[PDB]
Each structure stands twice: as structure tokens, then as C-alpha cells.
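Asker: Okay, handing you the structure first.
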Amino acid sequence: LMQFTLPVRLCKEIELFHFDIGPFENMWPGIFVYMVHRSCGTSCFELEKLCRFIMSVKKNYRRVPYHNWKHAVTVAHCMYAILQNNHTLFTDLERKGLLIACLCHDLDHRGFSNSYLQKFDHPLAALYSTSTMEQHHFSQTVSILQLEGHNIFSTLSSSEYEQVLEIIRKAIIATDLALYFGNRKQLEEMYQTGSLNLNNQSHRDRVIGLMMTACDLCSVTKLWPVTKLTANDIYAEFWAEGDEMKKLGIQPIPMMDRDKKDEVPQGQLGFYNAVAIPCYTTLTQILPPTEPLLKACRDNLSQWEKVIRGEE
Ligand SMILES: Cc1cc(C2CC2)nc2nc(CCc3nc(-c4ccccc4)cn3C)nn12
Ligand SMILES: [Mg+2]
Ligand SMILES: [Zn+2]
């Protein structure tokens, strides 16, 4: 009979897409659990295992500016918001899997891109030739599942356990933004030729793909002061990578060069047009109730336009 309840402001704001989880680390575990209980059920996961699993995941995120424990809970909230606004479209198994897939999706991120692992010649690039970090994140997810007392899916049948771990795997892989562009193009066509069908599992995998890129990017769907201060977190990682690239004797792309701070507004603009806006556009078309994400993304587009004209 043991539910989590949140202060009134949070209980009410958490159901909105633009919810920010705030600066009190110690609340994020309760917030996550609250989300699982409302989205999935009180029964979905034995609470002793869920808590112990949540705390091992936290322990395995590093202290990097952006790809941190706070990013993990943020992405899981965006997924919660999608699943609560589309509650008949998804299986019991997808609801379980995706919230766990989102929390785990950047486990053990070092704050370096797949490109920097390859050019450094890091061991993980030898183990995994594409989607290097993403396959590492899935690997660490299995690791923490197999720690004693941590199997939150112990109740699942052999088949169900295999189906969910597959959902999680494809979910995490999809957060590889290099795979997104093609995934959205195919989902664009299928919808517009009327061929998109959610009883086709290969089609459901694509939709979940896009969902995962939507949640992963949801910093651009927040209030402007949250979007603005998150863009500082992202650029600090990128400028640290460019420094490292320089140390290998390679000019980094301008995105990653700190001597090119000033072209950031123009950079975030490019990003909204080429990635975020298409992502949230195609997602709205497929799942109409996700519109707020597109509305909020457009508002922040317009706020970067305004920075460029030195109106702020
Ligand atoms: C992968 C990713 C995730 C998110 C998450 C927060 C939502 N935001 C993001 N912003 C950027 C970075 C965009 C970006 N800056 C530039 C740039 C910057 C300065 C000088 C020159 C060029 C190019 N380009 C594409 N990547 N990115
Ligand atoms: Mg990632
Ligand atoms: Zn991420």
C-alpha cells in the first residue's frame, strides 16, 4: 500500500512536458519512482529492488557537466509525459522498459562523443565499431541488472524478460543521434504515404526510436532560462572534447572549439532547424498529444533568433 506523493507544486507541474526536476539531487529518486508508480503501477516493480537498482544506476553516472544523473532523470520524465498523454497506445512491457531505458541511456558517459573515442583509439571503439557509447550504455544496463538484488524484472516470464531487454537495447541504441536522421526520414515517408502501422513491430521500433531522440533532446522543450543554462552545460563538454582533439594534433569542428564561443547562437539555431524541429514535427504528426514539445521547441527557436539580433 506504499505510494510516493510529492509536494503540491511538483504533483501538478510533473504532469507537464516542460517540468524541470530542480536542484535537489536527493529528490530525483523519489521523483523517478513516483513516475513509474503512476505510469506502470504500484505492482510493476518490487520497491526494495527498484530503489537498490536506481541507486546503482546513479552511482554509475559520472560527474560531467551535461551527460550526468540529472540528464538521466530529465529524459525519463519526458518519456513519462509522453506515456501519460498516450496511455492506450503502449503495452505493459513498453511502459516498464522505456522508463528504465531512459534512466540508463547514458550510463558511464565520459562526456566525449563517439568520434573522439575512435580518434583517441579508446578500447571501447575496438569492442563496438558503431554507436560505441550507446552499446557501452546498454552493456552497463545488463551489468547492473545482474548484480544480486537488482533484477527488477524477476517476475517476468522468460519470453517477457527477453522482449523487454530487447526494447531497452533498441531504445538505448536509438539515442545515437547519427541514426536519428534516417529514422525520421523513414517515419516521415511511412506516415505521409499512409503505410505507417503500429501493429508492425519494425514500425513500433522506429516510433520508439523517435520518442527516445525526443526525450533525449527535451532540454530544448523547457522554459527559456532552463534551455539557456543547459546549453552552457552541453558546450562545456564539447569545448573539453575540442581541447582533447587539439592535444591529438587535430583541429576540432567549430562546435567543439572554445575560441569560437561567439557563434553559439547561430550554432543552436542550425541545431533547432536541422534536428530538434524536425524531430518534434514528425513526433507530433505520429502522436498528436505531444504537440506542446513542438510548441515549446519553436518558442526557444525564436529566443535564439532574438539573441542573434542582440535584443538579449
Ligand atoms: C547533441 C545535442 C543535444 C542538445 C540537447 C540540449 C538539447 N543540445 C545540443 N546542442 C548542440 C550543439 C549545436 C551546434 N553548435 C554549433 C556551433 C557552436 C559554436 C560555434 C560554431 C558552431 C554547431 N552545432 C550543430 N548539440 N546538441
Ligand atoms: Mg547518449
Ligand atoms: Zn542522453
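Taken together, the values in this text are just the output of simple stated rules run on the coordinates, not laboratory data. Neighbour counts run over all protein chains shown; Cβ positions are idealised from the backbone, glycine included.
Asker: For the chain, set up a GNM with springs between Cα atoms under 10 Å and report which of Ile82, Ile250, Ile286 has the largest fluctuation.
Answerer: Of the options given, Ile250 has the highest mean-square fluctuation.
Asker: Mind jotting down the distance between the C-alpha centroids of segment 1-15 and segment 68-85, whole Å?
Answerer: Rounded to whole Å, the Cα centres lie 15 Å apart.
Asker: Using a Gaussian network model of the chain with C-alpha springs under 10 Å, which one of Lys58, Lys185, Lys70 is most mobile by mean-square fluctuation?
Answerer: Looking only at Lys58, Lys185, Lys70, the biggest GNM fluctuation is shown by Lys185.
Asker: Taking only C-alpha pairs under 8 Å that are 6+ residues apart, what is the relative contact order of segment 20-101 in percent?
Answerer: Relative contact order for segment 20-101 comes out at 38 percent.
Asker: Moving on to the next point. Would you mind computing, in nm to one decimal, how far apart the modelled labels at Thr193 and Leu93 are, each placed 7 Å from Cα along Cα→Cβ?
Answerer: Between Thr193 and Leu93, the label points sit 2.8 nm apart.
Asker: Let me ask you something else. Quick one: length gained pulling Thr281 to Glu25 fully straight, 0.36 nm per residue minus the C-alpha distance?
Answerer: Values: separation 256, 0.36 × 256 = 92.16 nm, distance 3.24 nm.
Contour length minus the Cα-Cα distance gives 88.9 nm.
Asker: Next question. Check each of the chymotrypsin sites (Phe, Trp or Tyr not before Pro) in segment 1-109 and keep only those in coil by DSSP with at most 14 other C-beta atoms within 10 angstrom; list them in order.
Answerer: On the way: sites: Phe4, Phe17, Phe19, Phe24, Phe32, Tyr34, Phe45, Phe53, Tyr61, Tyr66, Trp69, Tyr80, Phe90; in loops: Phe4, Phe17, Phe19, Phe24, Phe45, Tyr61, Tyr66, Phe90.
Those satisfying the criteria are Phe24.
Asker: Among the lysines, which fall within straight-line cross-link reach of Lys12, defined as a Cα-Cα distance under 17 Å, with same-chain neighbours fewer than 8 residues apart omitted?
Answerer: Within the straight-line cut-off, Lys12 pairs with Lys222.
Asker: Okay, next question. Under 14 Å between alpha carbons, and skipping anything fewer than 8 positions from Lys228 in its own chain: which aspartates and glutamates qualify?
Answerer: Within reach: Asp20, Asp299, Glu305, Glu312.
Asker: Mind checking the alpha-carbon convex hull of the chain and giving the volume per residue in Å³? Can you show the working numbers first?
Answerer: Details: hull volume 44.4 nm³, N = 312.
Value for the chain: 142 Å³ per residue.
Asker: Given axes a ≥ b ≥ c from the Cα gyration tensor, I'd like to know whether segment 26-153 is rounded (a/c under 1.5), prolate (a/b larger than b/c) or oblate.
Answerer: Judged from the Cα gyration tensor, segment 26-153 comes out prolate (a/c at least 1.5, a/b above b/c).
Asker: Relative contact order of the chain, please, whole-number percent, based on alpha carbon pairs below 8 angstrom and at least 6 residues apart.
Answerer: Result for the chain is 19 percent.
Asker: By its C-alpha gyration tensor, with a ≥ b ≥ c as the square roots of the eigenvalues, how is segment 8-52 shaped: rounded for a/c under 1.5, else prolate for a/b larger than b/c, else oblate?
Answerer: In terms of gyration-tensor shape, oblate.
Asker: Name the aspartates and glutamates eligible as straight-distance cross-link partners of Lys185: C-alpha to C-alpha under 20 Å, and not fewer than 8 places from it in the same chain.
Answerer: List returned: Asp176, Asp205, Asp216, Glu291.
Asker: Under a crude label model (7 Å from the Cα following the beta-carbon direction), how far is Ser202 from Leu269 in nanometres?
Answerer: 4.1
Asker: Also, quick follow-up: Kindly put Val264, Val57 in sequence by how many other C-beta atoms sit within 10 Å of each C-beta, fewest to most. It would help to have the intermediate numbers written out before the result.
Answerer: Numbers: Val264 17, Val57 21.
Least crowded to most crowded, the residues run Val264, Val57.
Asker: Of all the Cα-Cα pairs you can form in segment 160-248, what percent are over 17 Å apart?
Answerer: Tail of P(r) above 17 Å: 63 percent of Cα pairs.
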